[PDB]
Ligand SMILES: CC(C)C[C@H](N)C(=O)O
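Only one chain is included here, represented as structure tokens and corresponding to the form deposited without the ligand.
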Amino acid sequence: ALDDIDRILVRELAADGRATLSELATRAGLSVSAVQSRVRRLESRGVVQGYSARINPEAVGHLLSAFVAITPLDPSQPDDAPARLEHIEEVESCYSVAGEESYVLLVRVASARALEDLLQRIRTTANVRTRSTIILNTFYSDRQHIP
């Protein structure tokens, strides 16, 4: 569960993360008292996990984004690739997947040449083959849907 007043809160907070403790409660139909603690029981139980401004990556010098699909070389060692790559900072996301490959990483980087670098790093640090797919344009990116 997660009641149906908690939904209007999460719908509201996903389109507007600065969305103002007061303004919420009008279209939420309630008191600033009630809201501030739903919004807090919602973070306790892990339902909203954080608040983030959406930074444009081109604008901050990330001119190439790639999905990078990786598979470990040696199935005899502990498969721990996510924890091994976790310190590499250009890896923005790391998913395990049912497909040809074990994990899919989304990765951001200064230039085509910088990707060649990040990939040699990804391979020597986890012990993986890489297969990568270059993003040409992001049309829209996390529109969260609350059913």
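Only residues modelled in both forms are compared. The term rigid core refers to the maximal set of C-alpha atoms that superpose within 1.5 Å between the two forms. In this text, residue numbers run from 1 along the sequence as written.
- In this entry, the higher average B-factor at the C-alpha atoms falls on 29-37, of the pair 51-59 and 29-37.
- As recorded in the PDB entry, 1-9 is the stretch of 137-145 and 1-9 with the greater mean C-alpha temperature factor.
- Annotation for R113, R121, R45, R84: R45 ranks highest, by Cα B-factor.
- When the modelled residues of the chain are ordered by their C-alpha B factor, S132 lands in the lowest third.
One more form of this protein, solved in complex with the ligand, exists but is not displayed; see below.
- This chain lacks the partner; the member of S37, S93, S111, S96 within 4.5 angstroms of the ligand in the bound PDB entry by a non-hydrogen atom is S96.
- You can rule out all but one of 47-55, 83-91, 23-31, 96-104: in the bound PDB entry, only 96-104 has residues with a heavy atom within 4.5 Å of the ligand.
- After superposition on the rigid core, residues whose Cα atoms move by 2 Å or more in a run of at least three fall only at 76-78 between the shown form and the other one.
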